[PDB]
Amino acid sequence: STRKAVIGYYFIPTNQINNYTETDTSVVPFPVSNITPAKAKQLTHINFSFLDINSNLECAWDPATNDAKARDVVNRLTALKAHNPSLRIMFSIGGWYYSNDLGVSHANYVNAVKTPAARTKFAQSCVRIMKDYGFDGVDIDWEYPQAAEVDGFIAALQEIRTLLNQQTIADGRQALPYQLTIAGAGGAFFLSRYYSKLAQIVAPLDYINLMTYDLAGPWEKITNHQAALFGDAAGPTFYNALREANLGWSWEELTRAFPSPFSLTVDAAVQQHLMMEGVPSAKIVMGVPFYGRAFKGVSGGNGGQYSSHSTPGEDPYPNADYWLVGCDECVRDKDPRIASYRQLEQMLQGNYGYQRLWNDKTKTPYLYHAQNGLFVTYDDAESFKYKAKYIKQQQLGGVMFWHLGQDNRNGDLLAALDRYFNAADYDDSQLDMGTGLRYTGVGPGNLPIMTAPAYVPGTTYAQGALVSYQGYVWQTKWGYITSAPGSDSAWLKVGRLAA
């Protein structure tokens, strides 16, 4: 049917732009020339990261950026479109460093969306940047607007959308229209900031790119998979913050949608989006990490899973103990807590003491270093089989990943994703999705199809009775009920009738 989106972020820090070279990996580890024609054909979007919002409340490059070098790098990316007429080079505004609550530019995000006049100035600057540098759309990665900033954020997205649509007409770009996307939270605590207005946030977007990773890390006391597809009952569980969002729903409605505690998984985040009315599955893009998160000080028994650990959370990494054995990139980056898939392959292949283990509930791999007590959670071509099948089964828009420089040299992770979506000879009809814990919540936007006897006036219905009435299947919350379903508080809408 419709091709699945494959959205790869291209992350290049300012110092690498200013010293850009394609022949010295100690200066630029992943230059644009490493995105070969074959890789360009497997991507639908490359998202250049990151631009910012400056104190003038406009989209802007980092002011330390050499503009001539910046244009040269972007030009190399947009030249890739010669190999793929569906490919878009987006640019992304924000990222954790600029836009987190304590980030260096945070107040500029709050203020740029605060008023109609600020939103107009900001929205115009976005489109100006995208036309001036040759980008194909705008991606916003503010992590994250708070519940009170959400209305301004929504209006800013609406205003950018209108201007982009004007630009599509002006440039006759109907075959490849300019797009607007955001990177969204992939876990319930950050998602709760804007969850109640999710339909308004998604309406002006082509896609919402869920960051369904970083679900574990040094900030948690217990090691865990950072991107489990489904839940493991032996793993940690979390309070479901969505049940406290300002939804106006009843106790039964909240309980049916927001089981708590719950397993913090990719499936949970996807279902939490689908549960809301007006959030179409085709706009939801599942993020996947091309890096692993590493922990030290883990005590064995379960391959390092669900263990206490002694991994610092500070930034910069607080000392020079680069304890992730074999991680040469970690020495370069002065941080043993993150390793690219590229590096993880070499760590597993070398004489470094890792076992590769597999959790058949979460459908994810992990590395365990028994001698030193190390645990690494990551994703690979095998976990991507289950995630790609889930994307197809749930009719999602596609996949997103952070970031291109972390795939191995041959681009095997990207090639795998492309194969699972597009290869005629690839068959996952027999791929067993396992018995891991599914997120069981149901909301107005994902009512299952059900059948039930028609409601009959005068009949006294016990608690739990199911009837069909005016297009839906309803269940009594208590008994005995005689009211017509939907006329009072006694009936829960639990399903839809097939047309």
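Start at 1 and count along the sequence shown; that's the residue number.
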| property | result |
| --- | --- |
| Greater mean Cα temperature factor according to the PDB record, 282-290 or 170-178 | 170-178 |
| Entry-level comparison of average CA B-factors, 381-389 and 75-83, reporting the higher stretch | 75-83 |
| Selection from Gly300, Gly217, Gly186, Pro336 [criterion: highest C-alpha temperature factor in the record] | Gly300 |
| Peak C-alpha temperature factor (PDB record), options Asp136, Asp427, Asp407, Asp141 | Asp427 |
| Chain-relative CA temperature factor third for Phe122 | middle |
| Where the record places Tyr322 (Cα B-factor, split into thirds across the chain) | highest |
| Cα B factor band for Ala5 (lowest, middle or highest third within the chain) | lowest |
| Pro204, C-alpha B-factor rank within chain (lowest, middle or highest third) | lowest |
| CA B-factor ranking of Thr440, expressed as a third of its chain | highest |
